[PDB]
>>> print(open('upload_9.cif').read())   # mmCIF, C-alpha atoms
data_query
#
loop_
_atom_site.label_atom_id
_atom_site.label_comp_id
_atom_site.auth_asym_id
_atom_site.auth_seq_id
_atom_site.Cartn_x
_atom_site.Cartn_y
_atom_site.Cartn_z
CA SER A 1 20.10 7.41 -29.24
CA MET A 2 16.29 6.73 -29.46
CA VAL A 3 16.92 3.58 -27.30
CA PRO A 4 13.67 1.63 -26.41
CA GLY A 5 12.73 1.54 -22.65
CA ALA A 6 11.16 4.49 -20.87
CA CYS A 7 12.81 6.19 -17.90
CA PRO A 8 11.46 4.72 -14.64
CA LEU A 9 11.16 7.74 -12.33
CA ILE A 10 12.03 11.39 -12.94
CA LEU A 11 11.36 14.65 -11.08
CA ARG A 12 10.87 18.08 -12.68
CA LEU A 13 11.51 21.14 -10.52
CA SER A 14 11.65 24.89 -10.90
CA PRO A 15 15.19 26.18 -10.20
CA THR A 16 13.97 28.44 -7.39
CA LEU A 17 13.83 25.41 -5.06
CA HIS A 18 16.48 23.17 -6.63
CA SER A 19 19.81 21.66 -5.56
CA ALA A 20 19.19 22.61 -1.91
CA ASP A 21 21.03 19.43 -0.94
CA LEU A 22 18.09 17.52 -2.39
CA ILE A 23 20.16 14.47 -3.35
CA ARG A 24 20.87 13.48 0.26
CA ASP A 25 17.21 13.93 1.16
CA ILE A 26 15.88 11.75 -1.67
CA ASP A 27 18.51 9.11 -0.90
CA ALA A 28 17.63 8.99 2.80
CA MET A 29 14.00 8.80 1.68
CA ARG A 30 14.34 5.76 -0.58
CA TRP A 31 16.78 4.04 1.79
CA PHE A 32 13.95 4.24 4.34
CA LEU A 33 11.15 3.23 1.97
CA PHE A 34 13.15 0.09 1.20
CA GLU A 35 13.38 -0.98 4.84
CA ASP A 36 9.79 0.05 5.53
CA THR A 37 8.14 -1.88 2.68
CA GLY A 38 10.83 -4.08 1.10
CA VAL A 39 10.41 -3.09 -2.56
CA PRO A 40 13.68 -1.62 -3.91
CA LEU A 41 13.25 1.51 -6.01
CA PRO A 42 15.28 2.96 -8.88
CA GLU A 43 17.30 6.15 -8.93
CA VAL A 44 15.49 9.47 -9.29
CA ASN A 45 16.64 11.65 -12.17
CA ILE A 46 15.93 15.33 -11.53
CA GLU A 47 15.01 17.76 -14.31
CA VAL A 48 15.24 21.56 -14.20
CA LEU A 49 12.43 23.56 -15.82
CA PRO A 50 13.31 26.99 -17.25
CA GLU A 51 9.96 28.08 -15.83
CA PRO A 52 8.69 30.93 -13.62
CA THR A 53 5.65 29.07 -12.27
CA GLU A 54 7.50 27.50 -9.29
CA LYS A 55 5.93 24.14 -10.14
CA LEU A 56 7.00 20.52 -9.67
CA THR A 57 6.03 17.43 -11.63
CA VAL A 58 6.80 13.78 -10.89
CA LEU A 59 6.80 11.70 -14.07
CA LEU A 60 6.30 7.94 -13.69
CA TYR A 61 7.52 5.93 -16.69
CA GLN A 62 7.45 9.15 -18.72
CA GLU A 63 3.82 9.85 -17.88
CA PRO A 64 2.59 12.34 -15.26
CA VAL A 65 0.47 11.59 -12.21
CA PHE A 66 1.47 14.38 -9.78
CA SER A 67 1.87 18.09 -10.51
CA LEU A 68 1.51 20.88 -7.96
CA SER A 69 2.01 24.64 -7.66
CA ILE A 70 3.59 25.89 -4.42
CA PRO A 71 2.48 29.43 -3.45
CA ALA A 72 5.19 31.96 -2.70
CA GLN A 73 4.20 32.32 0.97
CA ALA A 74 4.37 28.52 1.35
CA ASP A 75 6.81 27.15 3.92
CA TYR A 76 6.82 24.78 6.90
CA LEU A 77 4.77 22.12 5.14
CA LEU A 78 2.52 19.95 7.29
CA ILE A 79 0.77 16.90 5.87
CA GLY A 80 -2.76 15.93 6.87
CA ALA A 81 -2.31 16.23 10.63
CA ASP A 82 -4.84 17.39 13.23
CA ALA A 83 -6.76 20.64 12.79
CA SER A 84 -5.18 22.18 15.90
CA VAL A 85 -3.38 24.79 13.77
CA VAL A 86 -4.54 25.87 10.31
CA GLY A 87 -2.23 28.07 8.27
CA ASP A 88 -3.40 27.08 4.80
CA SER A 89 -5.11 23.77 4.02
CA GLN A 90 -5.09 22.05 0.63
CA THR A 91 -6.32 18.86 -1.02
CA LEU A 92 -4.20 16.66 -3.29
CA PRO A 93 -5.30 14.87 -6.47
CA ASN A 94 -6.75 11.36 -6.49
CA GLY A 95 -7.42 11.44 -2.74
CA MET A 96 -3.70 11.16 -1.96
CA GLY A 97 -4.14 13.03 1.33
CA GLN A 98 -4.37 16.65 2.44
CA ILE A 99 -1.56 19.06 3.27
CA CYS A 100 -1.35 22.29 5.25
CA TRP A 101 1.13 25.18 5.12
CA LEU A 102 2.06 26.63 8.50
CA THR A 103 3.55 29.77 10.02
CA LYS A 104 6.66 29.54 12.19
CA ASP A 105 4.77 30.15 15.43
CA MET A 106 2.02 27.77 14.33
CA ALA A 107 4.76 25.31 13.35
CA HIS A 108 6.20 25.40 16.87
CA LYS A 109 2.70 25.04 18.31
CA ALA A 110 2.14 21.96 16.14
CA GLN A 111 5.50 20.51 17.17
CA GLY A 112 4.37 20.95 20.77
CA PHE A 113 1.54 18.47 20.17
CA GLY A 114 4.10 15.78 19.26
CA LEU A 115 3.48 15.96 15.51
CA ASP A 116 6.11 16.43 12.80
CA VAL A 117 6.52 19.29 10.33
CA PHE A 118 8.88 19.75 7.38
CA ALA A 119 10.57 22.89 6.09
CA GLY A 120 13.30 23.67 3.59
CA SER A 121 14.12 20.92 1.11
CA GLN A 122 12.73 18.06 3.21
CA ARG A 123 9.19 19.13 2.28
CA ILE A 124 9.97 17.95 -1.26
CA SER A 125 11.05 14.56 0.08
CA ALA A 126 8.02 14.26 2.36
CA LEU A 127 5.76 15.02 -0.61
CA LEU A 128 7.49 12.69 -3.07
CA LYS A 129 7.31 9.87 -0.54
CA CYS A 130 3.59 10.48 -0.09
CA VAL A 131 3.29 10.22 -3.87
CA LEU A 132 5.16 6.91 -4.12
CA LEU A 133 3.38 4.91 -1.39
CA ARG A 134 0.25 5.21 -3.53
CA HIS A 135 2.03 3.62 -6.51
CA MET A 136 4.19 0.87 -5.01
CA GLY A 137 2.55 -1.89 -7.06
CA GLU A 138 4.14 -0.48 -10.22
CA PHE A 139 7.75 -1.43 -9.37
CA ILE A 140 7.17 -5.20 -8.96
CA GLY A 141 7.22 -7.35 -12.08
CA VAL A 142 8.89 -10.43 -13.54
CA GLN A 143 12.20 -8.54 -13.75
CA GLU A 144 12.47 -7.39 -10.12
CA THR A 145 11.44 -10.69 -8.57
CA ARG A 146 14.47 -12.05 -10.42
CA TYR A 147 16.67 -9.42 -8.79
CA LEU A 148 15.39 -10.44 -5.36
CA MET A 149 15.88 -14.15 -6.05
CA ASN A 150 19.42 -13.44 -7.27
CA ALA A 151 20.25 -11.36 -4.20
CA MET A 152 19.03 -14.18 -1.95
CA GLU A 153 21.28 -16.86 -3.47
CA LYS A 154 24.19 -15.38 -1.51
CA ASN A 155 22.97 -17.04 1.70
CA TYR A 156 19.82 -19.00 0.76
CA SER A 157 20.88 -20.85 -2.39
CA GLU A 158 19.26 -24.14 -1.36
CA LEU A 159 15.97 -22.38 -0.60
CA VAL A 160 15.48 -20.48 -3.86
CA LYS A 161 16.88 -23.40 -5.87
CA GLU A 162 14.10 -25.51 -4.33
CA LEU A 163 11.36 -22.89 -4.72
CA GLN A 164 12.10 -22.56 -8.44
CA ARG A 165 11.24 -26.19 -9.23
CA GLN A 166 7.76 -25.81 -7.69
CA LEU A 167 6.45 -22.60 -9.30
CA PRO A 168 7.28 -20.62 -12.45
CA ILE A 169 8.53 -17.09 -11.94
CA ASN A 170 5.40 -15.61 -13.52
CA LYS A 171 3.46 -16.74 -10.42
CA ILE A 172 5.95 -15.69 -7.76
CA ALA A 173 5.77 -12.25 -9.36
CA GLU A 174 1.97 -12.25 -9.23
CA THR A 175 2.00 -13.24 -5.56
CA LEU A 176 4.45 -10.48 -4.68
CA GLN A 177 2.28 -8.00 -6.60
CA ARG A 178 -0.88 -9.04 -4.75
CA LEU A 179 1.01 -8.68 -1.47
CA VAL A 180 2.71 -5.30 -1.87
CA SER A 181 -0.50 -3.93 -3.39
CA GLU A 182 -2.32 -4.07 -0.03
CA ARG A 183 0.56 -2.38 1.84
CA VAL A 184 1.88 -5.62 3.32
CA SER A 185 5.63 -5.55 3.85
CA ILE A 186 7.66 -8.19 2.01
CA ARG A 187 11.00 -7.59 3.71
CA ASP A 188 10.82 -11.11 5.22
CA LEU A 189 11.48 -13.17 2.11
CA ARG A 190 12.59 -16.27 4.03
CA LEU A 191 9.15 -16.78 5.56
CA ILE A 192 7.27 -16.08 2.33
CA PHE A 193 9.41 -18.50 0.32
CA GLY A 194 9.03 -21.16 3.01
CA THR A 195 5.25 -20.78 3.12
CA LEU A 196 5.12 -20.95 -0.67
CA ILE A 197 7.17 -24.15 -0.75
CA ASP A 198 4.89 -25.68 1.89
CA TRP A 199 1.60 -25.21 0.02
CA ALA A 200 2.74 -25.23 -3.62
CA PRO A 201 2.03 -28.90 -4.50
CA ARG A 202 -1.41 -28.80 -2.84
CA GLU A 203 -2.69 -25.77 -4.78
CA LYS A 204 -2.24 -24.15 -8.19
CA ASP A 205 -4.15 -20.89 -7.59
CA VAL A 206 -2.05 -17.79 -6.93
CA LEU A 207 -5.15 -16.11 -5.52
CA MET A 208 -5.16 -18.78 -2.78
CA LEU A 209 -1.40 -18.99 -2.27
CA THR A 210 -1.58 -15.27 -1.52
CA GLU A 211 -4.17 -15.87 1.20
CA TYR A 212 -2.06 -18.61 2.78
CA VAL A 213 1.04 -16.39 2.73
CA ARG A 214 -1.12 -13.60 4.18
CA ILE A 215 -2.25 -15.63 7.19
CA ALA A 216 1.33 -16.41 8.24
CA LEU A 217 2.38 -12.75 8.72
CA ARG A 218 0.06 -11.91 11.62
CA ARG A 219 2.80 -10.26 13.67
CA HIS A 220 4.19 -8.27 10.74
CA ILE A 221 0.66 -7.08 9.88
CA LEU A 222 -0.82 -6.23 13.28
CA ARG A 223 2.37 -4.66 14.69
CA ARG A 224 1.97 -1.93 12.06
CA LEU A 225 -1.78 -1.29 12.32
CA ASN A 226 -1.90 -1.32 16.14
CA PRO A 227 1.30 -0.12 17.82
CA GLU A 228 1.50 -0.44 21.62
CA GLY A 229 -1.33 -3.00 21.56
CA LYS A 230 -4.41 -0.79 21.73
CA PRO A 231 -7.92 -2.19 21.27
CA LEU A 232 -9.14 -2.34 17.69
CA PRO A 233 -12.00 -0.04 16.55
CA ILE A 234 -13.31 -2.85 14.36
CA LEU A 235 -16.39 -3.18 12.16
CA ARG A 236 -18.21 -6.28 10.91
CA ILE A 237 -20.06 -7.51 7.83
CA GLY A 238 -23.62 -8.82 7.64
CA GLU A 239 -24.35 -12.52 7.37
CA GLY A 240 -26.64 -11.78 4.43
CA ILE A 241 -23.83 -10.15 2.45
CA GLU A 242 -21.47 -12.95 3.46
CA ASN A 243 -23.87 -15.60 2.15
CA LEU A 244 -24.67 -13.62 -1.01
CA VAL A 245 -20.98 -13.36 -1.88
CA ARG A 246 -20.55 -17.01 -0.90
CA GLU A 247 -22.98 -18.28 -3.53
CA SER A 248 -21.87 -15.64 -6.04
CA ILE A 249 -18.24 -16.82 -5.91
CA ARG A 250 -18.99 -20.37 -7.07
CA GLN A 251 -21.03 -19.06 -10.03
CA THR A 252 -17.83 -19.87 -11.95
CA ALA A 253 -15.52 -22.77 -11.10
CA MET A 254 -12.53 -22.48 -13.46
CA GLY A 255 -11.88 -18.74 -13.53
CA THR A 256 -12.73 -18.65 -9.81
CA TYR A 257 -14.59 -15.33 -10.03
CA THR A 258 -18.01 -14.14 -8.88
CA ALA A 259 -21.03 -13.20 -10.96
CA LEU A 260 -21.97 -9.63 -10.01
CA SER A 261 -25.45 -8.25 -9.42
CA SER A 262 -24.94 -4.49 -9.72
CA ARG A 263 -28.24 -4.13 -7.83
CA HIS A 264 -26.28 -5.51 -4.87
CA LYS A 265 -22.77 -4.19 -5.57
CA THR A 266 -23.92 -0.57 -5.60
CA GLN A 267 -25.91 -0.86 -2.37
CA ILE A 268 -23.03 -2.60 -0.60
CA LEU A 269 -20.63 0.12 -1.74
CA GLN A 270 -22.84 3.03 -0.68
CA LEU A 271 -23.81 1.45 2.64
CA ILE A 272 -20.17 0.75 3.52
CA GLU A 273 -19.05 4.23 2.50
CA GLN A 274 -21.78 5.84 4.58
CA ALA A 275 -20.90 3.63 7.56
CA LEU A 276 -17.24 4.69 7.42
CA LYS A 277 -18.35 8.33 7.54
CA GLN A 278 -19.22 7.55 11.18
CA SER A 279 -15.40 7.73 11.67
CA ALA A 280 -14.90 3.99 12.19
CA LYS A 281 -11.48 4.42 10.67
CA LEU A 282 -10.40 0.96 9.53
CA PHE A 283 -10.24 -2.74 10.47
CA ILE A 284 -13.26 -4.06 8.55
CA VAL A 285 -13.53 -7.75 9.42
CA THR A 286 -15.01 -10.47 7.22
CA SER A 287 -15.14 -14.23 6.67
CA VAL A 288 -11.96 -15.97 5.60
CA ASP A 289 -13.44 -17.40 2.39
CA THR A 290 -14.56 -13.97 1.13
CA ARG A 291 -11.95 -11.35 2.11
CA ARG A 292 -10.23 -11.55 -1.28
CA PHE A 293 -13.47 -10.96 -3.19
CA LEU A 294 -14.48 -8.16 -0.82
CA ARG A 295 -11.18 -6.39 -1.47
CA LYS A 296 -11.70 -7.04 -5.18
CA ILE A 297 -14.92 -5.05 -4.88
CA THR A 298 -13.49 -2.07 -3.00
CA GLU A 299 -10.09 -1.62 -4.67
CA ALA A 300 -11.70 0.66 -7.27
CA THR A 301 -12.06 3.20 -4.44
CA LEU A 302 -11.60 3.60 -0.68
CA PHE A 303 -7.99 2.47 -1.13
CA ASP A 304 -6.05 2.41 2.15
CA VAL A 305 -8.98 0.64 3.84
CA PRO A 306 -7.72 -2.55 5.55
CA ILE A 307 -9.90 -5.65 5.16
CA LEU A 308 -8.72 -8.15 7.78
CA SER A 309 -10.26 -11.48 8.82
CA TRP A 310 -10.60 -13.63 11.91
CA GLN A 311 -7.56 -15.78 11.10
CA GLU A 312 -5.38 -12.66 10.99
CA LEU A 313 -6.87 -11.75 14.39
CA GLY A 314 -5.19 -13.24 17.43
CA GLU A 315 -7.16 -15.25 19.95
CA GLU A 316 -6.57 -12.54 22.59
CA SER A 317 -6.55 -9.40 20.45
CA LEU A 318 -8.59 -6.67 22.13
CA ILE A 319 -11.75 -5.95 20.16
CA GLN A 320 -14.62 -3.43 20.14
CA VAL A 321 -17.50 -4.25 17.79
CA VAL A 322 -18.44 -0.70 16.90
CA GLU A 323 -20.88 -1.36 14.05
CA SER A 324 -22.68 -4.05 12.06
CA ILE A 325 -24.21 -4.42 8.59
CA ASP A 326 -27.85 -5.17 7.79
CA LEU A 327 -28.13 -5.26 3.99
CA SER A 328 -28.89 -8.61 2.39
#
>>> encode(input="upload_9.cif", output="structure tokens")
Amino acid sequence: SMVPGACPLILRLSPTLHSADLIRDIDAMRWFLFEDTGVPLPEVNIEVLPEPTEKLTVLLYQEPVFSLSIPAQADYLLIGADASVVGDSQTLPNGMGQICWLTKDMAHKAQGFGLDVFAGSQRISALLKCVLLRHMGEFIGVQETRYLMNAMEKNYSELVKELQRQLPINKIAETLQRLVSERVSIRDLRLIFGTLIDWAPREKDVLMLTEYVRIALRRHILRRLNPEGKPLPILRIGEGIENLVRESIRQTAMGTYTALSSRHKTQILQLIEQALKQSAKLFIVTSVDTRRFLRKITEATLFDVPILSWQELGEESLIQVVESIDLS
């Protein structure tokens, strides 16, 4: 008893909406998260609250980040879809999306528009999943990279045994973290390990190895952003900002970080945020030698905002320059 080591993931439910064949739903949820994003997740212990408040809490390493109260009338949960039908709209914490509760007739009407709607137990799964995608970078450390590299040795022994003698594990783990953080799938381990073996002796910076590994997954990146090959509602950055960041980066040579002028950071942030309010959804483009720093700036907010570059863009990808930036 009193063993050290917190519990990874645990779900607290009121017994009014419990054991409605929830186990199968959460299984089928994680068995799909795995093949969607590669990271394998741990089992989900479920706790029963002797409570009347019909509440649910999802505790992450014995510390809470999601807790919601479901009204009695709630049913036929819809999640952040179009405003065609509005039964009851709601906003989630930390900007994790918006939900909407629907009536049966409104649910059928929504289904008519080709959307999807959940009811019964599957609403719990579709909400838990929405919670997890926001916190996928938590389940990748020095101890899970080892599990992946031990699973591989079944069929790729001579590849991992050759990757090991080029990098220490505490850099492979960092690279995988930097990748899965930006919602880039890592299910193709063969290609990542190959690209890491190629460039390892020529470079000792994980922050650069990540960029090189990122260039090589153009198909696996674009196929997800732009199904059926539609033109990209892109944006662009201003040459002044590009140059400013360019000289700021070299301000330090060893740490490889950029000296920050808040009297430029703040303006860049506000100007970008205002520009996105024009409904230019995603696909901010930038120079190759700055994308990492640009994402470093934004990650504090506006998460789920892709920051691509020209190298990740195919020679014949269909483009529409919808906006441009003037600050300098």
>>> closest_atom_pairs(input="upload_9.cif", of="region 264-302 of chain A", to="region 172-188 of chain A", cutoff="12 Å", atoms="all atoms listed in the file", output="CSV")
residue,atom,partner,partner_atom,distance
A:292,CA,A:178,CA,10.3
A:295,CA,A:182,CA,9.3
A:296,CA,A:178,CA,11.0
A:298,CA,A:182,CA,11.7
A:299,CA,A:182,CA,9.4
>>> resolve_selection(input="upload_9.cif", expression="the PyMOL selection byres ((chain A and resi 232-236) around 10)", output="PyMOL selection string")
chain A and resi 225-226+229-231+237-239+275-276+279-287+307-309+317-325
>>> residues_around(input="upload_9.cif", residues="residue 24 (chain A)", least_positions_apart="2", cutoff="12 Å", atoms="only C-alpha atoms", output="list in words")
residues 19, 20, 21, 22, 26, 27, 28, 29, 30, 31, 44, 121, 122, 124 and 125 of chain A
>>> atom_distance(input="upload_9.cif", atom1="CA of residue 86 (chain A)", atom2="CA of residue 16 (chain A)")
25.7 Å
>>> axis_aligned_box(input="upload_9.cif", around="region 83-89 of chain A", padding_each_side="8 Å", output="lines of an AutoDock Vina configuration file")
center_x = -4.5
center_y = 24.4
center_z = 10.0
size_x = 20.5
size_y = 23.4
size_z = 27.9
>>> closest_residue(input="upload_9.cif", among="A:162, A:290, A:273, A:10", to="residue 250 (chain A)", atoms="all atoms listed in the file")
A:290
>>> atom_distance(input="upload_9.cif", atom1="CA of residue 149 (chain A)", atom2="CA of residue 134 (chain A)")
25.0 Å
>>> atom_distance(input="upload_9.cif", atom1="CA of residue 248 (chain A)", atom2="CA of residue 266 (chain A)")
15.2 Å
>>> closest_residue(input="upload_9.cif", among="A:82, A:35, A:211, A:54", to="residue 14 (chain A)", atoms="all atoms listed in the file")
A:54
>>> residues_around(input="upload_9.cif", residues="residue 49 (chain A)", least_positions_apart="2", cutoff="12 Å", atoms="all atoms listed in the file", output="ChimeraX atom specification")
/A:11-18,46-47,51-57
>>> residues_around(input="upload_9.cif", residues="residue 115 (chain A)", least_positions_apart="3", cutoff="9 Å", atoms="only C-alpha atoms", output="list in words")
residues 81, 82, 110, 111 and 112 of chain A
>>> write_last_selection(input="upload_9.cif", atoms="C-alpha atoms", output="CSV table (one decimal), in the coordinates of the input")
chain,number,residue,atom,x,y,z
A,81,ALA,CA,-2.3,16.2,10.6
A,82,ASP,CA,-4.8,17.4,13.2
A,110,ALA,CA,2.1,22.0,16.1
A,111,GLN,CA,5.5,20.5,17.2
A,112,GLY,CA,4.4,21.0,20.8
>>> resolve_selection(input="upload_9.cif", expression="the PyMOL selection byres ((chain A and resi 99) around 12)", output="mmCIF file with C-alpha atoms, in the frame of the given file")
data_model
loop_
_atom_site.group_PDB
_atom_site.id
_atom_site.type_symbol
_atom_site.label_atom_id
_atom_site.label_comp_id
_atom_site.auth_asym_id
_atom_site.auth_seq_id
_atom_site.Cartn_x
_atom_site.Cartn_y
_atom_site.Cartn_z
ATOM 1 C CA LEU A 68 1.510 20.880 -7.960
ATOM 2 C CA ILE A 70 3.590 25.890 -4.420
ATOM 3 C CA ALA A 74 4.370 28.520 1.350
ATOM 4 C CA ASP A 75 6.810 27.150 3.920
ATOM 5 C CA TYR A 76 6.820 24.780 6.900
ATOM 6 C CA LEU A 77 4.770 22.120 5.140
ATOM 7 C CA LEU A 78 2.520 19.950 7.290
ATOM 8 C CA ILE A 79 0.770 16.900 5.870
ATOM 9 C CA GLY A 80 -2.760 15.930 6.870
ATOM 10 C CA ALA A 81 -2.310 16.230 10.630
ATOM 11 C CA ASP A 82 -4.840 17.390 13.230
ATOM 12 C CA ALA A 83 -6.760 20.640 12.790
ATOM 13 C CA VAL A 86 -4.540 25.870 10.310
ATOM 14 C CA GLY A 87 -2.230 28.070 8.270
ATOM 15 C CA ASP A 88 -3.400 27.080 4.800
ATOM 16 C CA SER A 89 -5.110 23.770 4.020
ATOM 17 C CA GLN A 90 -5.090 22.050 0.630
ATOM 18 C CA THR A 91 -6.320 18.860 -1.020
ATOM 19 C CA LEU A 92 -4.200 16.660 -3.290
ATOM 20 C CA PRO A 93 -5.300 14.870 -6.470
ATOM 21 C CA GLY A 95 -7.420 11.440 -2.740
ATOM 22 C CA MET A 96 -3.700 11.160 -1.960
ATOM 23 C CA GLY A 97 -4.140 13.030 1.330
ATOM 24 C CA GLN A 98 -4.370 16.650 2.440
ATOM 25 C CA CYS A 100 -1.350 22.290 5.250
ATOM 26 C CA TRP A 101 1.130 25.180 5.120
ATOM 27 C CA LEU A 102 2.060 26.630 8.500
ATOM 28 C CA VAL A 117 6.520 19.290 10.330
ATOM 29 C CA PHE A 118 8.880 19.750 7.380
ATOM 30 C CA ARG A 123 9.190 19.130 2.280
ATOM 31 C CA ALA A 126 8.020 14.260 2.360
ATOM 32 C CA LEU A 127 5.760 15.020 -0.610
ATOM 33 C CA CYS A 130 3.590 10.480 -0.090
#
>>> residues_around(input="upload_9.cif", residues="residue 9 (chain A)", least_positions_apart="6", cutoff="12 Å", atoms="only C-alpha atoms", output="list in words")
residues 41, 42, 43, 44, 45, 46, 47, 57, 58, 59, 60, 61, 62, 63, 64, 65, 128, 131, 132, 135, 138 and 139 of chain A
>>> write_last_selection(input="upload_9.cif", atoms="C-alpha atoms", output="short mmCIF file (atom, residue, chain, number, x, y, z; two decimals), in the frame of the given file")
data_model
loop_
_atom_site.label_atom_id
_atom_site.label_comp_id
_atom_site.auth_asym_id
_atom_site.auth_seq_id
_atom_site.Cartn_x
_atom_site.Cartn_y
_atom_site.Cartn_z
CA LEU A 41 13.25 1.51 -6.01
CA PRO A 42 15.28 2.96 -8.88
CA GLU A 43 17.30 6.15 -8.93
CA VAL A 44 15.49 9.47 -9.29
CA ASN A 45 16.64 11.65 -12.17
CA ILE A 46 15.93 15.33 -11.53
CA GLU A 47 15.01 17.76 -14.31
CA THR A 57 6.03 17.43 -11.63
CA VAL A 58 6.80 13.78 -10.89
CA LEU A 59 6.80 11.70 -14.07
CA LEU A 60 6.30 7.94 -13.69
CA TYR A 61 7.52 5.93 -16.69
CA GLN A 62 7.45 9.15 -18.72
CA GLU A 63 3.82 9.85 -17.88
CA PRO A 64 2.59 12.34 -15.26
CA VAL A 65 0.47 11.59 -12.21
CA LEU A 128 7.49 12.69 -3.07
CA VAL A 131 3.29 10.22 -3.87
CA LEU A 132 5.16 6.91 -4.12
CA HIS A 135 2.03 3.62 -6.51
CA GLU A 138 4.14 -0.48 -10.22
CA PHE A 139 7.75 -1.43 -9.37
#
>>> closest_residue(input="upload_9.cif", among="A:215, A:106, A:206, A:33", to="residue 171 (chain A)", atoms="all atoms listed in the file")
A:206
>>> closest_residue(input="upload_9.cif", among="A:160, A:167, A:247, A:129", to="residue 209 (chain A)", atoms="only C-alpha atoms")
A:167
>>> closest_residue(input="upload_9.cif", among="A:310, A:293, A:242, A:227", to="residue 258 (chain A)", atoms="all atoms listed in the file")
A:293
>>> closest_residue(input="upload_9.cif", among="A:216, A:32, A:302, A:6", to="residue 270 (chain A)", atoms="only C-alpha atoms")
A:302
>>> residues_around(input="upload_9.cif", residues="residue 193 (chain A)", least_positions_apart="2", cutoff="10 Å", atoms="all atoms listed in the file", output="list in words")
residues 159, 160, 162, 163, 172, 188, 189, 190, 191, 195, 196, 197, 198 and 213 of chain A
